[PDB]
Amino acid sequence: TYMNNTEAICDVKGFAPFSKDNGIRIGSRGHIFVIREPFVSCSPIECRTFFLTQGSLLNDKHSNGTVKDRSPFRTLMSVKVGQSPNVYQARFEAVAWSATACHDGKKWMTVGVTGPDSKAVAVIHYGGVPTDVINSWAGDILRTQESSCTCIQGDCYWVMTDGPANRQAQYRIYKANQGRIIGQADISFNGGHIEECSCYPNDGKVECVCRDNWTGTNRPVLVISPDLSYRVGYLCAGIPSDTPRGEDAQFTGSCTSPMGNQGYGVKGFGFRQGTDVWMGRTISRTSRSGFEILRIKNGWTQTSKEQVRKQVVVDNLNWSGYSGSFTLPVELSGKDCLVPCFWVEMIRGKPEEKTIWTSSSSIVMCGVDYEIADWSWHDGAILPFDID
């Protein structure tokens, strides 16, 4: 039977640890993939950790230059959540240097975007096997979520991006059924910039918090019905949640325009909670260090700065990076609502550390009905390694 994602998001007060794989501590000795862009998505029965291997292993010469973004050695693979991307537990999913994946109830669907920058191709897999394709429509680095896609009653939805990195690109939504694409929509976002959308089910529609790599230090927001009529804009909250951003007092919020004049960005997430919003952001406003998630009273619908709850997952002396969203299916949590959950990627090595390589580990969190104490579940690996 097709899996339900009609339900409302559980209003949550705090987040509790789901997992931590220790891939890089472990990788010092064990056989673990050099990766980046880890993410999570769940089936009726398990939660899995997708990721992009650099086609090589930690502590090996082949991990040299693994800070590069797009190589033909790049693949998408998966493991049981909390397990490290070690060679002997990773399932093959797709060739990809940009990806997304989710479950419709019956099988896994995955999108693998590889190829030359001018002409990338996204290969849709369903049941492990290629089913459909989208070729680059704008000829400049076709790319997508790097976090779980979404499936609401058998049909799956996700967001991609083609175009320049620091100017107006173009944003499309896609809809498929059993690995087969059955619809699409071009997003009208003049003067806006949408990348790496962290989405989730909610009230029967798809809500994504995405990244502005142009000017905004606030995050684009895209709310998608199944008929593909969307509504697009930014996270109302008067608090900047990109990185880099400016200070909180020094920020004016907007549900409509992008705000701040800092370039660049980082992947991040938000969860609408009725009217409030849980937002994640690296602690450091400049560097990809630390992590913390804030509940803001009415920060989704209104430009509020009212932080009702704060919690720290990675402290500021520790590295982090990307973070994103996914939900536990009702068939997994037994809850009458879709538990909000997230994960943080924790990058180590180059460019900041004295290694020939770049990789990352993760900690997954999940929404419980109480406040959880602050702590720092960091990567915790000693650098350099021996290959360095």
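In case it trips you up, residue 1 is the first one in the sequence shown, and so on. If you superpose the two forms and keep the largest set of C-alpha atoms that fall within 1.5 Å, you have the rigid core.
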key: Greater Cα displacement in 5 other deposited structures of this protein once the core is superposed, comparing 25-33 with 61-69   = 61-69
ask   = According to the deposited model, is the average Cα temperature factor higher in 58-66 or in 32-40?
value = 58-66
inquiry  = Please compare 2-10 with 378-386 and say which has the higher mean C-alpha temperature factor in the record.
reply    = 2-10
query = Which listed residue, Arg272, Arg143, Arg91, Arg281, has the largest C-alpha temperature factor in the record?
reply = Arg272
ask   = Which one, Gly154, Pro85, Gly115, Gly82, has the peak C-alpha temperature factor per the PDB entry?
value = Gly154
request  = Please rank the C-alpha B-factors of the chain's modelled residues and tell me whether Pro72 sits in the lowest, middle or highest third.
outcome  = lowest
task = Give the position of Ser361 by CA B-factor within its chain, expressed as the lowest, middle or highest third.
result = lowest
remark   = Of the three thirds of the chain ranked by Cα temperature factor, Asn177 occupies the highest
remark   = Of the three thirds of the chain ranked by Cα temperature factor, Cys337 occupies the highest
ask   = When the modelled residues of the chain are sorted by Cα temperature factor, does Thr252 land in the lowest, middle or highest third?
value = highest
